[PDB]
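Next up, model21.cif (mmCIF, N, CA, C and O atoms):
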```cif
data_query
#
loop_
_atom_site.label_atom_id
_atom_site.label_comp_id
_atom_site.auth_asym_id
_atom_site.auth_seq_id
_atom_site.Cartn_x
_atom_site.Cartn_y
_atom_site.Cartn_z
N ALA A 1636 36.79 34.54 8.86
CA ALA A 1636 38.04 34.22 9.53
C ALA A 1636 38.54 35.42 10.32
O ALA A 1636 39.01 35.27 11.45
N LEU A 1637 38.42 36.62 9.75
CA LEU A 1637 38.91 37.81 10.42
C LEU A 1637 38.03 38.17 11.61
O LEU A 1637 38.54 38.51 12.68
N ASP A 1638 36.71 38.09 11.43
CA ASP A 1638 35.77 38.42 12.49
C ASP A 1638 35.94 37.46 13.66
O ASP A 1638 35.87 37.86 14.83
N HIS A 1639 36.23 36.19 13.37
CA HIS A 1639 36.60 35.25 14.42
C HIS A 1639 37.94 35.63 15.03
O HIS A 1639 38.12 35.52 16.25
N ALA A 1640 38.88 36.07 14.21
CA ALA A 1640 40.19 36.42 14.74
C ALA A 1640 40.14 37.74 15.49
O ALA A 1640 40.70 37.85 16.59
N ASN A 1641 39.46 38.74 14.93
CA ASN A 1641 39.46 40.07 15.54
C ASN A 1641 38.72 40.07 16.86
O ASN A 1641 39.07 40.82 17.78
N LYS A 1642 37.71 39.23 16.99
CA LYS A 1642 37.07 39.09 18.28
C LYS A 1642 37.93 38.29 19.24
O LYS A 1642 37.88 38.51 20.45
N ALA A 1643 38.75 37.38 18.71
CA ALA A 1643 39.58 36.54 19.57
C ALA A 1643 40.68 37.36 20.21
O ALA A 1643 41.08 37.10 21.35
N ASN A 1644 41.19 38.35 19.49
CA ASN A 1644 42.19 39.23 20.07
C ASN A 1644 41.59 40.11 21.15
O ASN A 1644 42.25 40.40 22.16
N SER A 1645 40.34 40.53 20.97
CA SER A 1645 39.72 41.38 21.98
C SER A 1645 39.38 40.57 23.23
O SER A 1645 39.46 41.08 24.35
N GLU A 1646 39.03 39.30 23.05
CA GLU A 1646 38.92 38.43 24.22
C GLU A 1646 40.30 38.11 24.78
O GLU A 1646 40.44 37.84 25.97
N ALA A 1647 41.33 38.13 23.93
CA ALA A 1647 42.68 37.93 24.44
C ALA A 1647 43.15 39.14 25.22
O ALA A 1647 43.57 39.02 26.37
N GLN A 1648 43.05 40.33 24.62
CA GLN A 1648 43.61 41.52 25.26
C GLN A 1648 42.76 41.96 26.44
O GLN A 1648 43.20 42.80 27.24
N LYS A 1649 41.56 41.42 26.57
CA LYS A 1649 40.80 41.61 27.80
C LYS A 1649 41.50 40.95 28.97
O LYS A 1649 41.40 41.43 30.11
N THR A 1650 42.21 39.86 28.73
CA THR A 1650 42.96 39.24 29.81
C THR A 1650 44.20 40.04 30.14
O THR A 1650 44.71 39.97 31.27
N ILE A 1651 44.71 40.79 29.16
CA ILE A 1651 45.91 41.59 29.37
C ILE A 1651 45.65 42.66 30.41
O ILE A 1651 46.43 42.85 31.35
N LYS A 1652 44.52 43.34 30.29
CA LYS A 1652 44.15 44.33 31.29
C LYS A 1652 43.73 43.66 32.59
O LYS A 1652 43.82 44.26 33.66
N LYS A 1653 43.30 42.40 32.51
CA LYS A 1653 42.84 41.73 33.72
C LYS A 1653 44.00 41.34 34.61
O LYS A 1653 43.89 41.39 35.84
N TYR A 1654 45.12 40.94 34.01
CA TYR A 1654 46.28 40.59 34.82
C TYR A 1654 46.87 41.79 35.54
O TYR A 1654 47.14 41.73 36.74
N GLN A 1655 47.04 42.90 34.83
CA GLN A 1655 47.86 43.97 35.40
C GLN A 1655 47.12 44.72 36.50
O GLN A 1655 47.73 45.49 37.25
N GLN A 1656 45.82 44.48 36.65
CA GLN A 1656 45.16 44.87 37.88
C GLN A 1656 45.55 43.93 39.02
O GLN A 1656 45.78 44.38 40.15
N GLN A 1657 45.63 42.64 38.74
CA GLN A 1657 45.98 41.68 39.78
C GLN A 1657 47.45 41.82 40.17
O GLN A 1657 47.81 41.64 41.33
N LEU A 1658 48.29 42.21 39.22
CA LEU A 1658 49.67 42.52 39.58
C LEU A 1658 49.75 43.81 40.37
O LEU A 1658 50.68 44.00 41.16
N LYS A 1659 48.77 44.69 40.19
CA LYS A 1659 48.84 46.00 40.83
C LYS A 1659 48.64 45.90 42.34
O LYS A 1659 49.44 46.44 43.11
N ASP A 1660 47.59 45.21 42.78
CA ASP A 1660 47.31 45.20 44.21
C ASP A 1660 48.19 44.21 44.96
O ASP A 1660 48.40 44.34 46.17
N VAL A 1661 48.73 43.21 44.25
CA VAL A 1661 49.70 42.31 44.86
C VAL A 1661 50.97 43.08 45.18
O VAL A 1661 51.59 42.87 46.23
N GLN A 1662 51.33 44.03 44.33
CA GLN A 1662 52.42 44.95 44.61
C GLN A 1662 52.11 45.77 45.86
O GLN A 1662 53.00 46.02 46.67
N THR A 1663 50.84 46.14 46.04
CA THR A 1663 50.46 46.80 47.28
C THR A 1663 50.45 45.82 48.44
O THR A 1663 50.73 46.19 49.59
N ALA A 1664 50.14 44.55 48.16
CA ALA A 1664 50.17 43.55 49.21
C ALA A 1664 51.59 43.29 49.68
O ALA A 1664 51.81 42.88 50.82
N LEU A 1665 52.57 43.53 48.81
CA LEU A 1665 53.95 43.57 49.28
C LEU A 1665 54.19 44.80 50.13
O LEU A 1665 54.72 44.69 51.24
N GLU A 1666 53.77 45.98 49.64
CA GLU A 1666 54.15 47.25 50.27
C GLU A 1666 53.53 47.39 51.66
O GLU A 1666 54.05 48.14 52.50
N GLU A 1667 52.43 46.69 51.91
CA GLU A 1667 51.97 46.56 53.29
C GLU A 1667 52.86 45.60 54.05
O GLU A 1667 53.36 45.93 55.14
N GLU A 1668 53.11 44.42 53.49
CA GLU A 1668 53.76 43.36 54.26
C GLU A 1668 55.25 43.59 54.39
O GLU A 1668 55.85 43.21 55.40
N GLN A 1669 55.87 44.20 53.38
CA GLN A 1669 57.28 44.56 53.49
C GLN A 1669 57.48 45.61 54.58
O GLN A 1669 58.44 45.53 55.36
N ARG A 1670 56.56 46.56 54.67
CA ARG A 1670 56.57 47.51 55.78
C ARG A 1670 56.17 46.83 57.08
O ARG A 1670 56.58 47.25 58.17
N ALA A 1671 55.39 45.75 56.99
CA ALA A 1671 54.92 45.09 58.20
C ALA A 1671 56.03 44.30 58.87
O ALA A 1671 55.94 43.97 60.05
N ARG A 1672 57.08 43.96 58.13
CA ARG A 1672 58.23 43.37 58.78
C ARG A 1672 58.98 44.43 59.57
O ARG A 1672 59.49 44.16 60.66
N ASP A 1673 58.99 45.66 59.04
CA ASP A 1673 59.92 46.68 59.50
C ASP A 1673 59.62 47.11 60.93
O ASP A 1673 60.53 47.20 61.76
N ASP A 1674 58.35 47.37 61.24
CA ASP A 1674 58.00 47.67 62.62
C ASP A 1674 58.07 46.41 63.47
O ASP A 1674 58.38 46.49 64.67
N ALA A 1675 57.81 45.25 62.88
CA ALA A 1675 57.83 44.02 63.65
C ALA A 1675 59.24 43.66 64.07
O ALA A 1675 59.45 43.13 65.17
N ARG A 1676 60.22 43.96 63.24
CA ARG A 1676 61.60 43.84 63.69
C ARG A 1676 61.92 44.94 64.69
O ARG A 1676 62.65 44.73 65.66
N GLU A 1677 61.34 46.12 64.48
CA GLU A 1677 61.53 47.22 65.41
C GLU A 1677 60.84 46.91 66.73
O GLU A 1677 61.29 47.32 67.80
N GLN A 1678 59.75 46.14 66.66
CA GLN A 1678 59.09 45.71 67.88
C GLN A 1678 59.97 44.73 68.65
O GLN A 1678 59.91 44.68 69.88
N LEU A 1679 60.81 43.98 67.94
CA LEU A 1679 61.81 43.18 68.63
C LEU A 1679 62.85 44.08 69.27
O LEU A 1679 63.31 43.83 70.39
N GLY A 1680 63.18 45.19 68.59
CA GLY A 1680 64.17 46.11 69.13
C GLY A 1680 63.69 46.85 70.36
O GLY A 1680 64.49 47.41 71.11
N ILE A 1681 62.38 46.88 70.58
CA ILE A 1681 61.87 47.40 71.83
C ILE A 1681 61.89 46.32 72.89
O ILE A 1681 62.32 46.55 74.03
N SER A 1682 61.46 45.12 72.54
CA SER A 1682 61.28 44.08 73.55
C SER A 1682 62.62 43.53 74.00
O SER A 1682 62.84 43.37 75.21
N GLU A 1683 63.51 43.25 73.07
CA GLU A 1683 64.80 42.67 73.43
C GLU A 1683 65.66 43.69 74.17
O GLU A 1683 66.52 43.33 74.97
N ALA B 1636 45.36 41.69 5.73
CA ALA B 1636 44.83 41.95 7.06
C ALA B 1636 45.05 40.75 7.98
O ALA B 1636 45.46 40.90 9.13
N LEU B 1637 44.80 39.54 7.46
CA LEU B 1637 44.69 38.37 8.33
C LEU B 1637 46.05 37.94 8.85
O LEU B 1637 46.17 37.52 10.01
N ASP B 1638 47.09 38.01 8.02
CA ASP B 1638 48.42 37.68 8.51
C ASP B 1638 48.90 38.74 9.49
O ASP B 1638 49.63 38.44 10.44
N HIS B 1639 48.48 39.98 9.29
CA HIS B 1639 48.78 41.03 10.25
C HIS B 1639 47.83 40.96 11.44
O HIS B 1639 48.04 41.64 12.45
N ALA B 1640 46.76 40.18 11.32
CA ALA B 1640 45.92 39.93 12.48
C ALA B 1640 46.50 38.83 13.35
O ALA B 1640 46.66 39.00 14.56
N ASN B 1641 46.84 37.68 12.74
CA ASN B 1641 47.32 36.54 13.52
C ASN B 1641 48.70 36.78 14.10
O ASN B 1641 49.08 36.14 15.08
N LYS B 1642 49.45 37.71 13.52
CA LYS B 1642 50.73 38.10 14.11
C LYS B 1642 50.51 38.84 15.41
O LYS B 1642 51.30 38.72 16.35
N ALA B 1643 49.41 39.59 15.51
CA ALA B 1643 49.14 40.35 16.72
C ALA B 1643 48.75 39.44 17.87
O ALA B 1643 49.10 39.70 19.03
N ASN B 1644 48.03 38.36 17.57
CA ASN B 1644 47.63 37.43 18.62
C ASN B 1644 48.83 36.70 19.18
O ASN B 1644 48.84 36.33 20.36
N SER B 1645 49.85 36.48 18.37
CA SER B 1645 51.09 35.91 18.89
C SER B 1645 51.79 36.91 19.79
O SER B 1645 52.31 36.56 20.85
N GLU B 1646 51.80 38.19 19.38
CA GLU B 1646 52.33 39.23 20.26
C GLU B 1646 51.44 39.41 21.47
O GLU B 1646 51.91 39.78 22.54
N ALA B 1647 50.15 39.14 21.31
CA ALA B 1647 49.29 39.04 22.48
C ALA B 1647 49.67 37.83 23.31
O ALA B 1647 49.68 37.89 24.55
N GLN B 1648 50.00 36.71 22.65
CA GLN B 1648 50.31 35.49 23.40
C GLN B 1648 51.68 35.57 24.04
O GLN B 1648 51.95 34.86 25.02
N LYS B 1649 52.57 36.40 23.51
CA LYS B 1649 53.86 36.58 24.16
C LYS B 1649 53.73 37.53 25.34
O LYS B 1649 54.28 37.28 26.42
N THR B 1650 53.00 38.63 25.15
CA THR B 1650 52.91 39.65 26.19
C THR B 1650 52.13 39.14 27.39
O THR B 1650 52.36 39.58 28.52
N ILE B 1651 51.21 38.21 27.17
CA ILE B 1651 50.50 37.63 28.30
C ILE B 1651 51.43 36.68 29.05
O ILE B 1651 51.25 36.42 30.25
N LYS B 1652 52.47 36.19 28.38
CA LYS B 1652 53.42 35.32 29.05
C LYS B 1652 54.44 36.13 29.83
O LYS B 1652 55.00 35.65 30.82
N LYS B 1653 54.70 37.37 29.39
CA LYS B 1653 55.69 38.20 30.07
C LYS B 1653 55.21 38.57 31.46
O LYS B 1653 55.99 38.58 32.42
N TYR B 1654 53.91 38.83 31.61
CA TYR B 1654 53.39 39.06 32.95
C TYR B 1654 53.25 37.74 33.69
O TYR B 1654 53.32 37.70 34.92
N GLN B 1655 53.08 36.65 32.94
CA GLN B 1655 52.89 35.33 33.54
C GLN B 1655 54.15 34.88 34.26
O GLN B 1655 54.08 34.25 35.32
N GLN B 1656 55.30 35.24 33.73
CA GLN B 1656 56.52 35.05 34.50
C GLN B 1656 56.62 36.09 35.60
O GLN B 1656 57.09 35.78 36.71
N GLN B 1657 56.16 37.31 35.34
CA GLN B 1657 56.37 38.39 36.31
C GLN B 1657 55.46 38.23 37.52
O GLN B 1657 55.74 38.77 38.59
N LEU B 1658 54.36 37.51 37.37
CA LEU B 1658 53.51 37.29 38.53
C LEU B 1658 54.04 36.16 39.39
O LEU B 1658 53.67 36.04 40.56
N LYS B 1659 54.89 35.31 38.83
CA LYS B 1659 55.35 34.17 39.60
C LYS B 1659 56.46 34.55 40.56
O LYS B 1659 56.44 34.15 41.73
N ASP B 1660 57.44 35.32 40.09
CA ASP B 1660 58.61 35.58 40.92
C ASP B 1660 58.30 36.59 42.02
O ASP B 1660 58.92 36.57 43.08
N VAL B 1661 57.33 37.48 41.78
CA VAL B 1661 56.94 38.39 42.84
C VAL B 1661 56.09 37.66 43.87
O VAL B 1661 56.04 38.04 45.04
N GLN B 1662 55.45 36.56 43.46
CA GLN B 1662 54.69 35.75 44.39
C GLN B 1662 55.62 35.04 45.37
O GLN B 1662 55.29 34.88 46.55
N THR B 1663 56.79 34.64 44.89
CA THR B 1663 57.79 34.01 45.74
C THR B 1663 58.30 35.00 46.76
O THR B 1663 58.60 34.63 47.89
N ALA B 1664 58.41 36.27 46.35
CA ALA B 1664 58.80 37.31 47.29
C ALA B 1664 57.76 37.47 48.38
O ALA B 1664 58.10 37.69 49.55
N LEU B 1665 56.48 37.35 48.02
CA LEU B 1665 55.45 37.32 49.05
C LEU B 1665 55.54 36.05 49.86
O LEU B 1665 55.27 36.06 51.07
N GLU B 1666 55.93 34.94 49.24
CA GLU B 1666 56.18 33.74 50.03
C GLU B 1666 57.51 33.84 50.76
O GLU B 1666 57.75 33.11 51.73
N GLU B 1667 58.40 34.73 50.31
CA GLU B 1667 59.64 34.95 51.05
C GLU B 1667 59.38 35.69 52.34
O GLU B 1667 59.87 35.30 53.40
N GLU B 1668 58.60 36.77 52.28
CA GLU B 1668 58.39 37.59 53.46
C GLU B 1668 57.48 36.89 54.45
O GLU B 1668 57.63 37.07 55.66
N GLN B 1669 56.54 36.10 53.96
CA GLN B 1669 55.50 35.56 54.82
C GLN B 1669 56.06 34.51 55.77
O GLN B 1669 55.57 34.34 56.90
N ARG B 1670 57.11 33.80 55.35
CA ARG B 1670 57.81 32.97 56.31
C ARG B 1670 58.87 33.79 57.05
O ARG B 1670 59.30 33.40 58.14
N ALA B 1671 59.28 34.92 56.48
CA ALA B 1671 60.23 35.77 57.18
C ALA B 1671 59.54 36.58 58.27
O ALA B 1671 60.11 36.79 59.35
N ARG B 1672 58.32 37.04 58.01
CA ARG B 1672 57.54 37.70 59.05
C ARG B 1672 57.16 36.70 60.13
O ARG B 1672 57.03 37.06 61.30
N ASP B 1673 57.00 35.44 59.75
CA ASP B 1673 56.80 34.38 60.74
C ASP B 1673 58.07 34.18 61.56
O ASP B 1673 58.00 33.82 62.74
N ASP B 1674 59.23 34.46 60.97
CA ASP B 1674 60.47 34.34 61.72
C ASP B 1674 60.61 35.48 62.71
O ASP B 1674 61.35 35.37 63.70
N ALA B 1675 59.90 36.58 62.49
CA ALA B 1675 59.89 37.64 63.47
C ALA B 1675 59.06 37.26 64.68
O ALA B 1675 59.53 37.37 65.82
N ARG B 1676 57.84 36.77 64.46
CA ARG B 1676 56.90 36.57 65.55
C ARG B 1676 57.34 35.44 66.46
O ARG B 1676 57.26 35.55 67.69
N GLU B 1677 57.86 34.36 65.88
CA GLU B 1677 58.32 33.23 66.70
C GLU B 1677 59.60 33.61 67.43
O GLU B 1677 59.93 33.01 68.45
N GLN B 1678 60.32 34.61 66.92
CA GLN B 1678 61.37 35.20 67.71
C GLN B 1678 60.79 36.15 68.74
O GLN B 1678 61.31 36.28 69.85
N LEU B 1679 59.72 36.86 68.37
CA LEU B 1679 59.12 37.80 69.30
C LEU B 1679 58.43 37.06 70.43
O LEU B 1679 58.47 37.49 71.58
N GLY B 1680 57.83 35.91 70.10
CA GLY B 1680 57.10 35.16 71.10
C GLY B 1680 57.98 34.61 72.19
O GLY B 1680 57.59 34.58 73.36
N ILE B 1681 59.20 34.20 71.85
CA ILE B 1681 60.09 33.71 72.88
C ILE B 1681 60.70 34.88 73.63
O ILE B 1681 61.12 34.76 74.78
N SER B 1682 60.68 36.07 73.02
CA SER B 1682 61.13 37.24 73.75
C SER B 1682 60.06 37.71 74.72
O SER B 1682 60.30 37.80 75.93
N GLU B 1683 58.86 38.00 74.21
CA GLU B 1683 57.86 38.70 75.00
C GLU B 1683 57.30 37.81 76.09
O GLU B 1683 56.88 38.30 77.15
#
```

Spit out the file's structure as structure tokens when you get a sec.
Amino acid sequence: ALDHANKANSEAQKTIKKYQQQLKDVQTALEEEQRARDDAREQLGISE
Amino acid sequence: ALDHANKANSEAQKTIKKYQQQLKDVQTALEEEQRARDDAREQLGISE
């Protein structure tokens, strides 16, 4: 029972590390795109 | 051991849910900007 359980937690906590990598680069995908609005609005400030 | 094992998997099952909510609302922010950056270009297109 324990060997089934102790392996199940390691397969569980493997997903824990798997998510926070995917949360990590999505945060970078914001930091590109949030900055990508900023010049794009500034590009309106040149054109208008 | 076993009750202290299965308690950890619940704390594993809670902590995997904490990021599961945290990945959803930041995704909306990416869906927030992506139509907002679209609001820049369609404004830029009628300008340029």

Only residues of chain B matter here; which ones have an atom within 8 Å of chain A, counting all atoms listed in the file? Give them as a PyMOL selection string. chain B and resi 1636-1637+1640-1641+1643-1644+1647-1648+1650-1651+1654+1657-1658+1661-1662+1664-1665+1668-1669+1671-1672+1675-1676+1678-1679+1682-1683

Atoms to include: N, CA, C and O atoms. Write the selected residues as a compact mmCIF listing (two decimals), in the coordinates of the input.
```
# COMPACT_ATOMS: atom_id res chain seq x y z
N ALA B 1636 45.36 41.69 5.73
CA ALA B 1636 44.83 41.95 7.06
C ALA B 1636 45.05 40.75 7.98
O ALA B 1636 45.46 40.90 9.13
N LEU B 1637 44.80 39.54 7.46
CA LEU B 1637 44.69 38.37 8.33
C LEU B 1637 46.05 37.94 8.85
O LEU B 1637 46.17 37.52 10.01
N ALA B 1640 46.76 40.18 11.32
CA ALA B 1640 45.92 39.93 12.48
C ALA B 1640 46.50 38.83 13.35
O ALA B 1640 46.66 39.00 14.56
N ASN B 1641 46.84 37.68 12.74
CA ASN B 1641 47.32 36.54 13.52
C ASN B 1641 48.70 36.78 14.10
O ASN B 1641 49.08 36.14 15.08
N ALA B 1643 49.41 39.59 15.51
CA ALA B 1643 49.14 40.35 16.72
C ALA B 1643 48.75 39.44 17.87
O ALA B 1643 49.10 39.70 19.03
N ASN B 1644 48.03 38.36 17.57
CA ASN B 1644 47.63 37.43 18.62
C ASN B 1644 48.83 36.70 19.18
O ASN B 1644 48.84 36.33 20.36
N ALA B 1647 50.15 39.14 21.31
CA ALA B 1647 49.29 39.04 22.48
C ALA B 1647 49.67 37.83 23.31
O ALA B 1647 49.68 37.89 24.55
N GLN B 1648 50.00 36.71 22.65
CA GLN B 1648 50.31 35.49 23.40
C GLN B 1648 51.68 35.57 24.04
O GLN B 1648 51.95 34.86 25.02
N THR B 1650 53.00 38.63 25.15
CA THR B 1650 52.91 39.65 26.19
C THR B 1650 52.13 39.14 27.39
O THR B 1650 52.36 39.58 28.52
N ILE B 1651 51.21 38.21 27.17
CA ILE B 1651 50.50 37.63 28.30
C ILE B 1651 51.43 36.68 29.05
O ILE B 1651 51.25 36.42 30.25
N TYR B 1654 53.91 38.83 31.61
CA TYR B 1654 53.39 39.06 32.95
C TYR B 1654 53.25 37.74 33.69
O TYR B 1654 53.32 37.70 34.92
N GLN B 1657 56.16 37.31 35.34
CA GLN B 1657 56.37 38.39 36.31
C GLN B 1657 55.46 38.23 37.52
O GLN B 1657 55.74 38.77 38.59
N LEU B 1658 54.36 37.51 37.37
CA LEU B 1658 53.51 37.29 38.53
C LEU B 1658 54.04 36.16 39.39
O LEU B 1658 53.67 36.04 40.56
N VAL B 1661 57.33 37.48 41.78
CA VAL B 1661 56.94 38.39 42.84
C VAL B 1661 56.09 37.66 43.87
O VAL B 1661 56.04 38.04 45.04
N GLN B 1662 55.45 36.56 43.46
CA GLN B 1662 54.69 35.75 44.39
C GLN B 1662 55.62 35.04 45.37
O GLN B 1662 55.29 34.88 46.55
N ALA B 1664 58.41 36.27 46.35
CA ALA B 1664 58.80 37.31 47.29
C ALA B 1664 57.76 37.47 48.38
O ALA B 1664 58.10 37.69 49.55
N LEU B 1665 56.48 37.35 48.02
CA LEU B 1665 55.45 37.32 49.05
C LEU B 1665 55.54 36.05 49.86
O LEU B 1665 55.27 36.06 51.07
N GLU B 1668 58.60 36.77 52.28
CA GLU B 1668 58.39 37.59 53.46
C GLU B 1668 57.48 36.89 54.45
O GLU B 1668 57.63 37.07 55.66
N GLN B 1669 56.54 36.10 53.96
CA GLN B 1669 55.50 35.56 54.82
C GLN B 1669 56.06 34.51 55.77
O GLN B 1669 55.57 34.34 56.90
N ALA B 1671 59.28 34.92 56.48
CA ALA B 1671 60.23 35.77 57.18
C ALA B 1671 59.54 36.58 58.27
O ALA B 1671 60.11 36.79 59.35
N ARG B 1672 58.32 37.04 58.01
CA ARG B 1672 57.54 37.70 59.05
C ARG B 1672 57.16 36.70 60.13
O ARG B 1672 57.03 37.06 61.30
N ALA B 1675 59.90 36.58 62.49
CA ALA B 1675 59.89 37.64 63.47
C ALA B 1675 59.06 37.26 64.68
O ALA B 1675 59.53 37.37 65.82
N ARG B 1676 57.84 36.77 64.46
CA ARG B 1676 56.90 36.57 65.55
C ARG B 1676 57.34 35.44 66.46
O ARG B 1676 57.26 35.55 67.69
N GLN B 1678 60.32 34.61 66.92
CA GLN B 1678 61.37 35.20 67.71
C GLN B 1678 60.79 36.15 68.74
O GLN B 1678 61.31 36.28 69.85
N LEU B 1679 59.72 36.86 68.37
CA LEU B 1679 59.12 37.80 69.30
C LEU B 1679 58.43 37.06 70.43
O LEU B 1679 58.47 37.49 71.58
N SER B 1682 60.68 36.07 73.02
CA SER B 1682 61.13 37.24 73.75
C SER B 1682 60.06 37.71 74.72
O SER B 1682 60.30 37.80 75.93
N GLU B 1683 58.86 38.00 74.21
CA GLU B 1683 57.86 38.70 75.00
C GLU B 1683 57.30 37.81 76.09
O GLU B 1683 56.88 38.30 77.15
```

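Between atom CA of residue 1667 of chain B and atom CA of residue 1666 of chain A lies a distance of 13.5 Å.
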
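Across the structure, atom O of residue 1649 of chain A and atom CA of residue 1639 of chain B are spaced 21.2 Å apart.
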
Hey, can you check how far atom C of residue 1653 of chain B sits from atom C of residue 1659 of chain A?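 Separating atom C of residue 1653 of chain B from atom C of residue 1659 of chain A is a distance of 14.7 Å.
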